[PDB]
Amino acid sequence: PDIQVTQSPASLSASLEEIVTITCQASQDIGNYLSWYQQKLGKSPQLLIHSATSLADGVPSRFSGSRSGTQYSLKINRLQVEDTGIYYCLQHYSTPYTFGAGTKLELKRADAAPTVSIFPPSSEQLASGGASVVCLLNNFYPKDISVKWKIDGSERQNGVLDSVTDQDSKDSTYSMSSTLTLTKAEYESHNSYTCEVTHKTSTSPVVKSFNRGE
Amino acid sequence: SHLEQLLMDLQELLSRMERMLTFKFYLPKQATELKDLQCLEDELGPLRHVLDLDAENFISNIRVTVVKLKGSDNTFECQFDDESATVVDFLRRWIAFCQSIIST
Amino acid sequence: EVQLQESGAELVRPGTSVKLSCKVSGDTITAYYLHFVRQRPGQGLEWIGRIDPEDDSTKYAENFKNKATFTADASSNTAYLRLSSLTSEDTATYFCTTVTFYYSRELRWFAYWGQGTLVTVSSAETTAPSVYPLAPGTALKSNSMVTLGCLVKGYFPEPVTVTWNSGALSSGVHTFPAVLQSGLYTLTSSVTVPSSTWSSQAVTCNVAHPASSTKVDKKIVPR
């Protein structure tokens with residue numbers, strides 16, 4: 001009878017100095033054989049609390065664990081900017097061991113306007129017959145944002161690839177990269193390229209633009 | 001009858017125990033009440049691994065006895081000493097605790 | 001006190017197998033149970049199983065019963081995971097971690113983890129990236145800040161690493177997650193430096209793609 005474990009919440013955003021509680025529920029009496037782990041940027045997990053209630057060696061003292069029967073709690077006593085990331089529980093009572101599915105914790109912040117940069121295709125890429133137009137939106141908050149590419153005034157949806165960074169561990173902002181990829185011939189058939197940024201920090205969309213050959 | 005069953009089960013374990021002496025067990029500083037048996041339950045993991053030549057039934061039934069004895073009202077947090085003990089001294093210690101807590 | 005390091009083929013074909021290594025240093029391997037854990041790209045940790053190098057005894061998750069085989073070589077301080085009948089679902093980062101009762105309580109439960117190593121299961125062949133400069137196309141007006149970048153386009157599989165000035169630029173760096181289109185990955189990496197730092201000294205991105213044995217250094221120059 002494999003031991004199942006439910007973790008909750010799946011995700012959460014909380015402010016600085018906030019008390020955060022993360023729960024794991026075990027399908028059986030597991031006693032003190034559950035531990036808590038932290039993972040940032042998809043890198044190595046780190047043990048936080050072991051045996052339900054004991055702080056591990058080099059872990060901030062704001063982390064603590066409690067247990068009530070089959071309910072287990074990870075508590076962060078007053079959240080720090082660096083605490084953004086993912087938290088996991090693990091039953092290690094008997095084989096097979098089982099991880100909770102994780103909690104994605106993000107930090108709330110005051111608003112921050114993106115710094116917007118647009119980049120024409122490099123002459124090195126055009127030589128290869130390709131043309132990637134790049135727009136970078138850096139250090140903004142909140143995470144929600146929308147980007148549109150306009151070519152000579154009309155929106156282009158095809159050839160666009162978007163990517164957003166995980167929350168920054170030092171200033172809680174996000175960054176985004178939008179690349180519009182065209183063939184050199186296609187790129188040379190138009191004149192004006194615009195990256196249009198919609199974000200709550202501006203009433204009207206922020207525009208960065210260039211004219212091909214300017 | 002639960003205690004004396006645990007005592008004999010712990011006496012059984014010590015008697016048939018004495019490589020596996022490298023495993024490090026840990027004890028509470030003070031063990032004077034039934035709710036302190038939580039600290040024994042917490043070490044059954046490693047106690048199971050050393051138990052090598054279906055002994056699972058032995059540890060499992062010790063655990064149910066401990067759960068019947070430690071109480072149901074509260075989840076007592078155990079406070080362990082940092083000093084480790086072999087599987088032998090650990091077993092002798094809890095045996096002594098059982099004899100200690102029976103005669104009161 | 002101890003380090004774990006995973007390694008293995010980065011690209012493997014479907015239906016074939018892969019053998020992953022977990023090299024432990026800092027201590028003997030006999031003191032540990034070696035557990036393997038995998039993480040799918042957007043997903044959580046998933047317990048695969050374990051082996052005890054002393055006993056060679058093995059424990060397996062249900063989903064990996066017919067898929068995984070743990071071995072160990074005590075002489076080389078290394079445990080191994082062979083994953084068979086590989087599908088695209090096996091595409092993941094694989095970690096090793098430990099259990100021990102030879103030390104303190106705080107060191108028993110997955111106290112040590114490897115850095116983790118990525119395995120891609122695909123029919124596609126390895127492809128080297130092209131690295132293009134990202135330079136401001138309007139004039140550089142001093143006393144401001146400036147954002148520079150490198151576009152790393154059309155490689156396979158993941159991962160690639162990007163540093164700036166070989167690590168000397170660490171702050172103001174954003175390396176974005178790769179995006180897959182038509183079987184090829186593309187990622188951008190930016191660095192923000194004072195406008196006066198650009199003119200006085202070199203700003204260069206160092207790009208590596210081990211899967212194709214590619215190292216590229218691209219100096220970013222004004223346009």
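Side chains are part of it too, since the values below use all heavy atoms of this structure and drop only hydrogens, waters and symmetry mates. Throughout, protein chains are lettered first and strands after them, A, B, ... in sequence-line order, and every chain is numbered starting at 1.
For an aromatic pair to be called close, the ring centres must be under 6.0 Å apart, and C:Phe70 with C:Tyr80 fails this. Between C:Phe110 and A:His92, the distance from one ring center to the other does not fall under 6.0 angstrom. Taking the centre of each ring, B:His49 and B:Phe23 stay at or above the 6.0 Å mark. Between C:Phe64 and C:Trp47, the distance from one ring center to the other does not fall under 6.0 angstrom.
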Quick one, C:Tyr112 with C:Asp27, criterion side chain to side chain donor-acceptor pair (under 3.5 Å). Give me CA distance, side-chain angles, the key distance, then yes/no.
CA-CA 12 Å; C:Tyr112 302 119; C:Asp27 197 10; over 6 Å; no
Trace of the salt bridge (charged side-chain N to carboxylate O under 4.0 Å, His left out) decision for A:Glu18 with A:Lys108:
CA-CA 10 Å; A:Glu18 186 174 314; A:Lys108 288 178 186 172; 5.1 Å; no
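Residues in residues 55-83 of chain B take part in no ring-ring contact (aromatic ring centres under 6.0 Å, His included) pair, two or more places apart or across chains.
Using a 4.0 Å cut-off between charged side-chain N and carboxylate O, C:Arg38 and C:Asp90 make a salt bridge.
Side-chain contact between C:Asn77 and C:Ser25 is absent, with no heavy-atom pair separated by less than 4.5 Å. Counting only heavy atoms from C-beta outward, the side chains of B:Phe25 and B:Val50 approach each other to under 4.5 Å. At least one side-chain heavy atom of A:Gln80 sits less than 4.5 Å from a side-chain heavy atom of A:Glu17.
With hydrogens and angles ignored, the 3.5 Å screen pairs a side-chain donor or acceptor of A:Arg109 with a backbone N or O of A:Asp111.
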